[PDB]
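Note that these values count all heavy atoms, side chains included, but never hydrogens, waters or copies made by symmetry. A note on names: the letters A, B, ... follow the listed sequences, proteins ahead of strands, and every chain is numbered from 1.
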Amino acid sequence: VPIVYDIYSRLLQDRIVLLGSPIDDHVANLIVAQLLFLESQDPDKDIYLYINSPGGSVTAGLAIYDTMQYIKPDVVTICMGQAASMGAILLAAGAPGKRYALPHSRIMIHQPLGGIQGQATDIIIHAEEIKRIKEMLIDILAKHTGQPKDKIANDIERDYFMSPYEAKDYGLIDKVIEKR
Amino acid sequence: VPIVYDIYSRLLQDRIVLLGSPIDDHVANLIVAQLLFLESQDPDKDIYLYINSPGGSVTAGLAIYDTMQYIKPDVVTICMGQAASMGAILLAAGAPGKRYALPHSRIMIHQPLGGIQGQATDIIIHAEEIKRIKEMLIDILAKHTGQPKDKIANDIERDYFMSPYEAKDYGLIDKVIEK
Amino acid sequence: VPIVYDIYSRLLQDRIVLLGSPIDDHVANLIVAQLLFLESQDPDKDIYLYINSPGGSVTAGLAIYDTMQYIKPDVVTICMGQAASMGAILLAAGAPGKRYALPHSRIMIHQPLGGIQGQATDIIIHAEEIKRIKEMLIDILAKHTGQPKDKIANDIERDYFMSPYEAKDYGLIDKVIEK
Amino acid sequence: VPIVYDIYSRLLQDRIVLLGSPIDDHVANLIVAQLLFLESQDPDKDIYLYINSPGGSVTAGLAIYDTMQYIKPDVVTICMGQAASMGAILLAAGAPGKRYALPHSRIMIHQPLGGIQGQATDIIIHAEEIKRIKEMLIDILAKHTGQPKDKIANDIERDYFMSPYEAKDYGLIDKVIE
Amino acid sequence: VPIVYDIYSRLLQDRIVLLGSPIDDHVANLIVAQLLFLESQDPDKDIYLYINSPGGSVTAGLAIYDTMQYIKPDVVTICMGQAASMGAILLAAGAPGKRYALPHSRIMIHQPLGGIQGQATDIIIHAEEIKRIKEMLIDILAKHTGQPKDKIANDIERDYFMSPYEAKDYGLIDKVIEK
Amino acid sequence: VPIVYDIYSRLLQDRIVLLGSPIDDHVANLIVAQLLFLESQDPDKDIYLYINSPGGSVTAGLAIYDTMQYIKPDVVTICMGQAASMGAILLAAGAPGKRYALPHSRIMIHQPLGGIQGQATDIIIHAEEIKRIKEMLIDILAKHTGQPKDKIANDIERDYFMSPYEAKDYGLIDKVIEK
Amino acid sequence: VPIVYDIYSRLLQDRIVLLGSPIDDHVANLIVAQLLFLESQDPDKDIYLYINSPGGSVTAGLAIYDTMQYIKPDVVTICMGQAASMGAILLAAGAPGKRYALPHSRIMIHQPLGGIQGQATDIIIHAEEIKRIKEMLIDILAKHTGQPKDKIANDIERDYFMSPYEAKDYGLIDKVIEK
Amino acid sequence: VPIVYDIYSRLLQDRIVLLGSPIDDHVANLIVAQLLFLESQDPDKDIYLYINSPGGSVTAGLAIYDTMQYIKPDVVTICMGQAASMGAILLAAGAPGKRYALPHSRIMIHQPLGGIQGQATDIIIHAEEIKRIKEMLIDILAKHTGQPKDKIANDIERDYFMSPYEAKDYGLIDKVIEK
Amino acid sequence: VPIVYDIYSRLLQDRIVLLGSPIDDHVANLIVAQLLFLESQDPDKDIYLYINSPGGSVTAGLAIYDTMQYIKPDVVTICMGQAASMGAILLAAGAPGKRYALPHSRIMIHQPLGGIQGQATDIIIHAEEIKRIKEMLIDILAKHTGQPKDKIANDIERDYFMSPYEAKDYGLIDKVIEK
Ligand SMILES: *C(=O)[C@@H](C(C)C)[C@@H](O)C(=O)N[C@H](C(=O)N[C@H](C(=O)O)[C@@H](C)CC)C(C)C
Ligand SMILES: *C(=O)[C@@H](C(C)C)[C@@H](O)C(=O)N[C@H](C(=O)N[C@H](C(=O)O)[C@@H](C)CC)C(C)C
Ligand SMILES: *C(=O)[C@@H](C(C)C)[C@@H](O)C(=O)N[C@H](C(=O)N[C@H](C(=O)O)[C@@H](C)CC)C(C)C
Ligand SMILES: *C(=O)[C@@H](C(C)C)[C@@H](O)C(=O)N[C@H](C(=O)N[C@H](C(=O)O)[C@@H](C)CC)C(C)C
Ligand SMILES: *C(=O)[C@@H](C(C)C)[C@@H](O)C(=O)N[C@H](C(=O)N[C@H](C(=O)O)[C@@H](C)CC)C(C)C
Ligand SMILES: *C(=O)[C@@H](C(C)C)[C@@H](O)C(=O)N[C@H](C(=O)N[C@H](C(=O)O)[C@@H](C)CC)C(C)C
Ligand SMILES: *C(=O)[C@@H](C(C)C)[C@@H](O)C(=O)N[C@H](C(=O)N[C@H](C(=O)O)[C@@H](C)CC)C(C)C
Ligand SMILES: *C(=O)[C@@H](C(C)C)[C@@H](O)C(=O)N[C@H](C(=O)N[C@H](C(=O)O)[C@@H](C)CC)C(C)C
Ligand SMILES: *C(=O)[C@@H](C(C)C)[C@@H](O)C(=O)N[C@H](C(=O)N[C@H](C(=O)O)[C@@H](C)CC)C(C)C
């Protein structure tokens with residue numbers, strides 16, 4: 001990790017945040033901390049969240065999602081490499097009109113996965129909870145894309161891969177950017 | 001395994017079957033084979049099924065259960081050591097009036113357990129199937145015990161351990177035998 | 001494995017074959033050998049194939065399937081415990097009118113699964129192959145059930161669990177037998 | 001394994017041999033032993049070789065191949081489930097006109113695979129040997145199928161899967177049994 | 001890692017970036033961060049990207065590729081040791097006329113690799129995706145080399161190794177540099 | 001292992017011995033026992049030694065070699081699949097004029113391999129022993145092929161693979177047999 | 001790693017670089033970064049590269065080799081402990097007249113090693129690539145030693161160990177230094 | 001590692017170097033770096049090398065050995081705990097008259113150990129190399145002890161343990177120090 | 001490790017050294033470094049060595065022991081928790097009249113342990129060395145305690161555990177710290 005301030009700390013001074021890993025509680029804490037820090041520095045200036053993530057923990061993802069919606073600054077989202085699963089939800093959740101993808105990035109949406117062991121009663125309790133979480137993710141995708149809930153629900157049953165041009169047509173991003 | 005015929009083959013001549021292990025497909029296949037064999041040897045004479053089992057696979061247990069009900073012979077059940085989970089269901093599934101427990105044996109009933117990984121759609125499908133299998137086990141226990149389904153349903157939510165005299169009172173066996 | 005002749009061989013004299021494990025090449029060879037043997041003993045007398053299997057290898061399952069169709073004897077199928085995946089296909093593949101399930105067994109049909117690693121060219125070749133295998137399994141289920149291909153195709157996309165009475169309505173079995 | 005004689009020993013009396021596993025040296029010795037035994041019992045009567053194999057060792061497969069060609073009895077081959085890689089070569093190597101597939105079996109041919117670690121000199125020696133083995137397998141397929149060598153060579157570059165009716169058209173079997 | 005500023009940070013002052021590892025998401029983030037930092041220091045001055053990489057993740061590689069194309073500064077690419085797979089794409093993607101290789105380096109291009117397990121439907125979906133990715137990599141190579149798409153497609157079916165002089169003839173680099 | 005006598009015992013009655021595995025002490029003892037048994041049955045009648053072996057332990061191989069030379073009966077050698085390393089030595093060691101290869105078999109000769117760890121003194125002692133063993137294997141090959149020792153020595157420095165016809169020319173076999 | 005600057009960073013001030021480990025991509029990057037840094041500090045002053053290495057990756061080694069030939073400063077090479085394999089190539093690659101070995105060091109040259117698994121077509125492509133790499137290493141050794149290519153080729157077939165005085169006679173170093 | 005400068009860095013100011021671990025390439029590089037640093041700070045003043053080592057890699061040990069002889073400063077050696085194998089060679093290699101052991105330390109000399117797997121040709125090449133290395137270690141011990149090479153050669157065949165007073169009589173140290 | 005200087009570095013300013021771990025070569029280097037550092041700061045002022053150790057390597061322990069006797073400063077030893085095996089020897093090796101234990105600490109002395117594998121000759125050589133080491137530890141304990149050698153030898157044959165009061169009466173410490 002090179003020095004100038006480490007390279008990431010230096011980019012943080014330009015209000016750039018990198019989400020460049022699978023999303024777990026550790027990564028969510030780091031992303032939330034940076035968004036809260038940048039809001040306290042200047043609540044009016046745009047934040048630039050670069051996304052290269054295959055996704056990860058739904059609850060960790062929703063910690064970042066609710067923080068992005070709650071803070072005053074607009075969060076600009078930029079997809080490089082890929083925004084898949086929870087990564088795709090965070091890309092789509094950027095400020096309206098300020099959601100970007102680079103031209104050879106890919107976006108993928110799909111339903112959540114789970115694991116549950118134990119008594120039938122407990123399996124049914126956890127099946128109910130994953131159902132509630134799935135409906136929530138459908139609701140979030142519908143709100144940010146403008147797609148009807150029944151189209152989102154049908155499309156995420158299996159892995160749904162999109163080029164940046166397909167993601168733009170879907171409403172997951174506003175623009176494909178090639179050159180500054 | 002001692003010889004006379006190995007000891008189990010010798011007891012099979014007196015129409016005695018030993019269910020003395022956890023229930024998997026291998027054990028189910030062997031118990032089913034012995035029941036079908038004894039029926040073909042004599043469809044009229046009682047079979048004696050000794051049960052010492054903590055249970056195991058539900059589908060393996062229900063292969064044995066349906067075979068016990070399907071064959072012509074009455075299947076006498078005898079609990080020694082324990083009949084728990086699926087073992088208790090097989091003990092309760094003996095011919096009416098011919099379900100026995102030795103005095104220091106224990107009987108335990110409980111709801112089934114499971115494990116499912118994958119997409120939410122698949123988890124929900126497998127949760128529906130475990131619900132259907134649980135209802136089936138409640139139906140079987142109600143039928144053989146004379147208890148209502150709603151009482152069985154409430155009683156199997158947690159491990160329900162019984163002495164032989166409590167299992168007799170519950171309707172899981174007909175007699176505690178001492179001598 | 002008790003002695004009388006081991007228990008399985010003694011039942012083989014009555015033309016009883018047990019498929020009571022996951023299906024791999026080893027199991028298919030054993031089932032095929034018993035089917036070929038019973039045909040050579042008497043080409044005209046029914047064979048009784050008891051099925052308790054979660055399925056397994058598609059090609060191993062189709063070795064059994066084709067042998068069941070090819071030999072002269074009718075193959076009576078009886079589901080005990082479960083007939084899932086390839087097990088369900090073999091249950092459905094019994095002689096018309098002689099496909100049975102015990103009342104607490106479960107039947108499940110679903111699309112084939114696979115694993116492939118390597119170059120994009122090889123992944124596409126193997127994708128084409130699993131597509132061909134899937135279409136063949138839909139055709140086999142359509143033939144034996146009398147269901148239309150598009151209904152089978154829709155139903156097997158996810159795990160499709162049935163009670164014996166639902167399996168009878170679907171056309172996978174002809175009769176639910178209690179006694 | 002059931003007792004009647006175990007079931008395989010009983011079917012061996014009817015000149016039935018089951019190749020129902022991946023092919024290694026152990027399996028090749030068992031098949032060769034069964035072929036030599038059946039020849040000594042009766043050099044005139046057909047042998048029935050049922051094949052359900054994903055393949056395995058080339059040299060083990062060629063021990064079975066050469067034994068099939070060498071003995072006096074015709075070896076009838078029957079594909080059930082699958083005949084892939086060396087299994088497909090053994091299927092195609094049955095007595096002309098007596099190579100059969102059950103209708104839901106599958107047949108697959110492909111070039112051989114290898115592994116070699118060590119000095120450049122040794123790697124080059126083993127590459128020359130896999131090249132020689134590959135040309136030999138092409139020659140065997142050409143001989144038994146009647147396909148030109150350059151068509152075989154092109155087709156086995158990648159996994160080449162066939163239904164029984166496609167295998168019959170290719171010349172790997174004579175009849176799909178209905 | 002020696003100190004003057006660590007050695008890499010000191011070379012970063014001279015607008016030198018080292019890509020000297022397999023490409024995963026962690027490496028891509030570090031390279032992109034260096035490219036965005038250097039652009040913000042001076043959007044008009046060349047960046048020098050040294051490449052010694054066997055490749056790695058296609059999506060991680062394309063994060064770097066797209067960032068290289070997006071920023072204002074020309075990115076000079078220098079191959080040392082090797083540029084294989086995605087390393088060869090990043091080498092070929094340097095500013096026109098400013099793509100270099102040292103004389104004993106090697107360059108290799110090949111089609112992408114994948115791994116997929118599960119239901120036929122999911123295998124087919126992932127086969128479609130790797131096909132799309134393969135066609136995109138062919139398009140990128142054709143663009144930066146000036147080779148027709150059909151020649152690239154033919155050449156990447158198997159590992160295509162080149163000397164620096166063959167790589168220049170192919171259009172992957174502009175000059176072999178010695179001194 | 002099928003029954004008639006197991007299949008191998010039945011072939012042993014026709015004086016057929018199968019060497020179809022790597023050569024270790026266990027395999028060597030089995031082959032020697034079969035050779036000693038057949039000699040005691042009839043010291044005048046040929047033995048048929050089928051060889052499909054990648055080789056193995058030099059001392060285990062030389063136990064077989066010396067037994068083949070020592071017994072009264074001619075040992076006919078037949079290569080099927082492969083005779084590599086010690087397998088090729090045993091093939092070459094058959095009675096003169098009675099060494100055969102099937103037409104798609106392969107023969108391979110190479111120098112011995114070893115492992116030694118410990119004090120320099122012990123390493124040098126074991127290096128000397130491996131030198132002595134290698135010289136002995138070159139002498140055996142020269143004796144049975146009629147090749148000069150310096151040609152054998154040059155040829156076995158690396159893996160030397162041969163078709164049956166190359167092996168005939170070399171003097172490792174007498175005839176390639178098709179029917 | 002003691003502090004003064006850590007000890008290595010303090011020696012880097014005197015233009016001393018330590019290659020004291022097996023050569024991988026990580027090590028190549030660190031050596032290249034030090035060579036480029038020292039060139040930018042002063043393009044005219046000698047660099048001192050101490051080599052204690054058993055070797056490692058050929059491509060990692062050739063990244064260092066090409067960097068050593070490309071930079072303006074003469075690279076003085078000093079062998080301590082050993083320079084084996086790619087280590088020996090880097091020792092020989094120092095500025096003419098400025099290649100040194102300490103008197104109890106050892107130098108070893110040998111041909112490259114590789115590993116390839118997969119289809120025959122892929123094995124042959126990689127066998128061709130390792131042939132090209134071996135011929136390139138022979139070319140580099142011939143250039144820096146003045147030995148004929150055929151003598152190098154013969155000598156590197158097996159591990160070729162040299163004392164410092166033998167390495168000087170071979171043309172791999174210019175001087176053995178004691179005090 | 002306590003701070004004042006960590007404790008080792010603080011003692012390095014008083015020209016004290018600690019060799020207190022097994023000797024591998026990493027340790028060799030750290031000791032060589034400290035010796036080269038202290039020479040550049042003051043080429044005339046004594047260096048104090050404390051040795052507590054069971055030894056380790058011969059080539060790593062010889063990198064330190066040759067550096068100790070090559071630099072201008074005298075290297076005082078002090079044995080604490082033990083100086084065994086390569087540790088004993090480095091102890092004996094100190095400046096004449098300036099080799100010390102503490103009174104409860106132990107010194108042990110022995111021949112080198114090795115390990116080689118592969119072809120007979122490779123084993124013989126590596127037996128020759130271990131012989132050459134052993135002769136070189138004998139020459140070094142003979143030079144610093146004043147013992148004849150043949151006496152050293154006989155004494156190192158097995159583990160030769162010495163008290164400090166025995167080591168002094170042998171010529172491995174000059175003085176046993178107490179207070 | 002808290003900061004003020006880390007906490008250990010801050011106590012080192014008060015000439016406090018903590019031996020709070022099993023004794024290996026790494027721990028000995030650190031303890032020796034701290035003792036040599038404190039001696040160079042002030043050769044006249046006491047050093048306070050706190051000991052909480054179950055012991056460990058004999059040669060590592062004897063490096064600390066000899067350093068404790070060799071330096072000019074008195075080393076005050078304080079037992080806290082335990083001083084077992086080599087820890088007890090170091091506790092007893094403190095400056096006469098300045099060896100302390102806290103009142104709920106424990107002191108244990110025992111003979112050394114060893115592991116040796118290989119040829120009988122090597123086992124006998126290492127058995128002789130272990131005998132010599134044991135005699136040396138007996139001689140060190142007799143010196144510091146004033147006990148006769150034959151009493152020490154008898155007492156250390158098995159684990160000999162002592163309260164601080166028993167250790168004082170034994171002569172291993174001078175004073176139990178109490179209020
Ligand atoms: C995309 O990011 C998905 C996977 C990483 C591919 C992600 O959305 C997902 O499903 N994650 C799973 C998850 O967090 N599941 C939770 C759980 O932790 O149990 C369920 C409650 C969500 C319904 C991971 C893979 C467990
Ligand atoms: C008693 O026998 C129960 C346990 C063994 C204690 C038994 O009835 C049970 O729940 N077994 C479980 C089982 O068979 N579960 C299956 C499954 O996960 O496949 C469910 C479908 C049953 C509803 C365990 C898994 C053996
Ligand atoms: C039911 O029996 C399925 C089991 C649940 C696995 C079975 O039909 C199945 O899909 N089996 C898979 C299989 O045989 N796949 C083959 C194969 O990979 O060889 C594909 C070619 C089938 C199209 C097992 C689980 C791999
Ligand atoms: C079909 O049977 C192939 C299978 C995928 C194994 C088979 O023909 C194959 O290539 N087998 C491979 C093999 O035997 N390779 C040998 C060997 O390395 O000994 C080569 C020399 C053949 C060119 C192995 C068993 C995968
Ligand atoms: C070169 O860099 C190739 C490999 C490293 C040899 C690279 O192009 C490649 O194929 N990488 C592979 C990859 O990223 N595959 C993904 C995947 O399977 O997830 C494709 C789906 C990309 C769309 C892996 C890293 C071998
Ligand atoms: C052929 O059979 C060789 C095989 C590749 C193993 C064989 O001749 C060989 O070298 N075998 C090796 C062997 O027995 N080596 C002995 C030994 O170490 O005991 C040497 C002492 C004989 C020179 C096996 C692979 C170790
Ligand atoms: C000396 O440095 C050699 C060995 C490390 C002793 C070295 O030159 C060598 O052969 N390295 C091998 C190597 O890099 N092989 C590559 C590769 O596999 O990528 C071949 C292509 C070399 C032509 C290592 C040991 C794999
Ligand atoms: C003492 O230090 C010896 C051993 C560590 C006990 C040491 O001298 C020794 O023999 N080391 C050995 C070694 O370095 N061997 C090399 C090697 O195998 O490469 C030989 C070539 C040296 C003749 C090993 C590390 C124990
Ligand atoms: C107390 O400190 C003893 C053990 C830790 C309990 C200690 O004195 C001891 O015996 N340590 C042993 C040891 O160092 N043995 C050496 C050795 O093998 O190097 C012998 C040479 C000493 C006779 C080890 C730590 C068990």
(request) Using the side chain to side chain contact (heavy atoms under 4.5 Å, CB included) rule, pick out the option among H:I109, H:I107, H:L19 that qualifies with H:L91. (result) H:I107

(message) With a 4.5 Å cut-off on side-chain heavy atoms, are H:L49 and H:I51 touching?
(response) yes

(message) Do G:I173 and G:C79 make a side-chain contact, defined as non-hydrogen atoms from C-beta onward lying under 4.5 Å apart?
(response) no

(message) Do H:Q82 and H:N52 make a side-chain contact, defined as non-hydrogen atoms from C-beta onward lying under 4.5 Å apart?
(response) yes

(message) Any carboxylate oxygen within less than 4.0 angstrom of a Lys/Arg side-chain nitrogen, looking at H:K151 and H:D155?
(response) yes

(request) May I ask you to say whether I:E135 pairs ionically with I:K131, meaning some side-chain N is under 4.0 Å from a carboxylate O? (result) yes

(message) Let me confirm one number: the CD-CE distance from I:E129 to H:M108, rounded to the nearest 0.5 Å.
(response) 8.5 Å

(request) Could you tell me whether H:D46 and H:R15 make a salt bridge, using a distance below 4.0 angstrom between a side-chain N and a carboxylate O? (result) no

(message) Listing request: all ring-ring contact (aromatic ring centres under 6.0 Å, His included) pairs with a residue in residues 105-133 of chain H, at least two apart in sequence or in separate chains.
(response) G:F161-H:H126

(request) Answer yes if the side chains of H:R158 and H:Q111 hold a donor-acceptor pair under 3.5 Å, and no otherwise. (result) no

(request) For residues G:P103 and G:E178, determine if any side-chain heavy atom of one lies less than 4.5 Å from a side-chain heavy atom of the other. (result) yes

(request) Look at F:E157 together with F:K134 and state whether they make a salt bridge at an N to O cut-off of under 4.0 Å. (result) yes

(request) For I:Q69, enumerate each residue passing the side-chain contact (heavy atoms from CB on, under 4.5 Å) test, keeping only those at least two apart in sequence or located in another chain. (result) I:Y65, I:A93, I:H144

(message) What I'd like to find out is whether the side chain of H:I116 reaches to under 4.5 Å of the side chain of F:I123, using heavy atoms alone.
(response) yes

(request) Taking the side chain as every heavy atom from C-beta outward, state whether G:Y170 and G:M162 have any pair of such atoms under 4.5 Å apart. (result) yes

(request) Answer yes or no: is there an ion pair linking G:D174 with G:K98, defined by an N-O contact shorter than 4.0 Å? (result) no

(request) Check whether any side-chain heavy atom of H:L90 sits under 4.5 Å from a side-chain heavy atom of H:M68, and report yes or no. (result) yes

